[PDB]
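The block underneath contains the structure these notes are about, expressed in structure tokens.
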Amino acid sequence: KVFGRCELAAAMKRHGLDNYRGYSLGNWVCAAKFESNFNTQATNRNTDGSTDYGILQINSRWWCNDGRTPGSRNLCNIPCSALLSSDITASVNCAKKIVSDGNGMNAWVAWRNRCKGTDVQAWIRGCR
Ligand SMILES: C[C@@H](O)CN1CCN(CC(=O)O)CCN(CC(=O)O)CCN(CC(=O)O)CC1
Ligand SMILES: C[C@@H](O)CN1CCN(CC(=O)O)CCN(CC(=O)O)CCN(CC(=O)O)CC1
Ligand SMILES: [Gd]
């Protein structure tokens, strides 16, 4: 599924992302735009063998199992493919664990370089 901006914002809000660990909703929508272009099916391979999956490009090194990343962990206890679903529940729940780990949203490289320090509110402007 490729989400619309406001559609995604409302889904994210429903699952408790607005102000989660102090990050306003516009930060999350911003990150998803530049991580995946709002597409739940996005995948990107990294140089070390691991792969990033879903709207928030969660990495198979630590967070999910894809059966081809040897010596990796599965801290969200899910198949990586579950992160490619039209239903973003699993993505959201795993992201809650990541942003809680000490590093905040800096774990998302595109957020740090393209969203941090900017007017993130603009990403939910117009939405009901
Ligand atoms: C609602 C309109 O905005 C839709 N839009 C009409 C044409 N736009 C006009 C404009 O955005 O100023 C110019 C191109 N637009 C540039 C951009 O947005 O960054 C990229 C494509 N957009 C992506 C998007 O807008 O979500 C879809 C089509
Ligand atoms: C041409 C317009 O698109 C200009 N736009 C500024 C005003 N936009 C208007 C809108 O997107 O409706 C609202 C904010 N916009 C939300 C979003 O893009 O999803 C984030 C910043 N955009 C990033 C981008 O467009 O890729 C920069 C250029
Ligand atoms: Gd824009």
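Residues take their numbers from the sequence shown, with the count starting at 1.
The 12-atom threshold is exceeded at CD of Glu7, counting heavy atoms of other residues, nucleotides or ligands nearer than 6.0 Å.
Transitive grouping of hydrophobic side chains (ILVMFWY, heavy atoms separated by less than 4.5 Å) keeps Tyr23 and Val109 in distinct clusters.
In this structure, the separation between CZ on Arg5 and SG on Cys30 is 11.5 Å, given to the nearest 0.5 Å. Separating the NZ atom in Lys116 from the CE atom in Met105 is a distance of 11.0 Å, to the nearest 0.5 Å.
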Donor-acceptor pairs are to be reported for all side-chain atoms of residues 120-128 against protein atoms at under 3.5 Å, with residues two or more places apart or in another chain.
| unit_1 | atom_1 | unit_2 | atom_2 | d |
| --- | --- | --- | --- | --- |
| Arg125 | NH2 | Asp119 | OD2 | 3.2 |

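By the 4.5 Å heavy-atom criterion applied to side chains, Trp28 and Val99 are counted as neighbours. Within the 4.5 Å cutoff, the side chain of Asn19 has no heavy atoms near those of the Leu25 side chain. Contact annotation: the side chain of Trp63 never approaches that of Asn74 to less than 4.5 Å [non-hydrogen atoms, C-beta and beyond]. Residues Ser36 and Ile55 form a side-chain contact, since some pair of their non-hydrogen atoms from C-beta on lies under 4.5 Å apart. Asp52 has its side chain within reach of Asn59: a pair of non-hydrogen atoms, C-beta onward, lies under 4.5 Å apart. Using a 4.5 Å cut-off on side-chain heavy atoms (C-beta onward), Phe34 and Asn113 make no contact. The side-chain heavy atoms of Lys1 and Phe38, taken from C-beta on, include no pair separated by under 4.5 Å.
The two residues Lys13 and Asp18 have their closest heavy-atom pair at NZ-OD2, 3.9 Å. The two residues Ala95 and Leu56 make their nearest non-hydrogen contact at CB-CD1, 3.9 Å. Scanning all heavy atoms of the two residues, the minimum distance from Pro79 to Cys64 falls at C-CB, 4.3 Å. Minimum heavy-atom separation, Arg112 to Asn106: NH1-O, 2.8 Å. Across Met12 and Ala32, no two heavy atoms sit closer than the pair CE-CB, 4.3 Å. Closest approach of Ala31 to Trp111, counting heavy atoms only: CB-CB, 4.1 Å.
No side-chain donor-acceptor contact under 3.5 Å links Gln41 to the backbone of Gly54. A distance-only check finds a donor-acceptor pair linking the side chain of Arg61 to the backbone of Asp48 [under 3.5 Å].
With sequence neighbours left out, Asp66 forms a side chain to side chain contact (heavy atoms under 4.5 Å, CB included) with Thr51, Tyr53, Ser60, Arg68, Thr69, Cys80. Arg45 pairs by the salt bridge (charged side-chain N to carboxylate O under 4.0 Å, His left out) definition with nothing, not counting sequence neighbours. For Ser81, the side-chain hydrogen bond (donor to acceptor under 3.5 Å, both in side chains) criterion is met by no residue, not counting sequence neighbours. Residues passing the side chain to side chain contact (heavy atoms under 4.5 Å, CB included) test with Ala90, sequence neighbours excluded: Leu83.
Among residue pairs with one or both ends in residues 89-105, those qualifying as side chain to side chain donor-acceptor pair (under 3.5 Å) are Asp87-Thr89; sequence neighbours excluded.
Side-chain contact of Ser24 with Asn27: a donor-acceptor pair under 3.5 Å is present, judged by distance alone.
For a disulfide, the SG atoms of both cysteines must be under 2.5 angstrom apart; this holds for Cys76 and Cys94.
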